[PDB]
């Protein structure tokens, strides 16, 4: 039955379950209310439930509420362990014209044209093990090169050096992105000093 499916999913999903997980499995969301009444899970945010062994995940909770926001810049660096800093704010990228409904205050929004909104998007686990959508390193570098003047100079230098030391560069992807984003020659000039 759908209840047995639901309970299997919770056990294998490390103690977090959402309304969207239910809709995806074809299970009425009121089943979560029933499990909450029984004490198996409890509600922490709108549509998000934890077991007694599930944990708060600020990145996953945020992207759950705002699924068009892709973690970018320092959030994308942090989530992929490309920096040692622990940011106290989110950097996200959304399509131009997107407005957040009741965002948190520790948020930097970056807008890009729809054609670029998912270029270099990839999925990685957060520090709490939940999958979120981020920009891969090559797309982060493109962003940094395009937007250098608007970026803290110490962060810019550190990030370029981190890519220089990154042993899993995908230069074909780097060049693909830079061509589409009209920044190939500045990216080639940047790469020259990092390899």
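Numbering follows the first chain given and starts at 1.
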(request) State which stretch shows the higher mean Cα B factor in the entry: 70 to 78 or 104 to 112. (result) 104 to 112
(request) Would you tell me which stretch averages the higher CA B-factor in the PDB entry, 171 to 179 or 9 to 17? (result) 9 to 17
(request) Quick one: which of 143, 136, 55, 149 shows the highest Cα temperature factor in the PDB entry? (result) 149
(request) Place residue 34 in the lowest, middle or highest third of its chain's C-alpha B-factors, as listed in the PDB entry. (result) lowest
(request) Pull the Cα B-factor of residue 46 out of the PDB entry and bin it into the chain's lowest, middle or highest third. (result) highest
(request) Would you check the entry's CA temperature factor for residue 88 and let me know if it's in the chain's lowest, middle or highest third? (result) highest
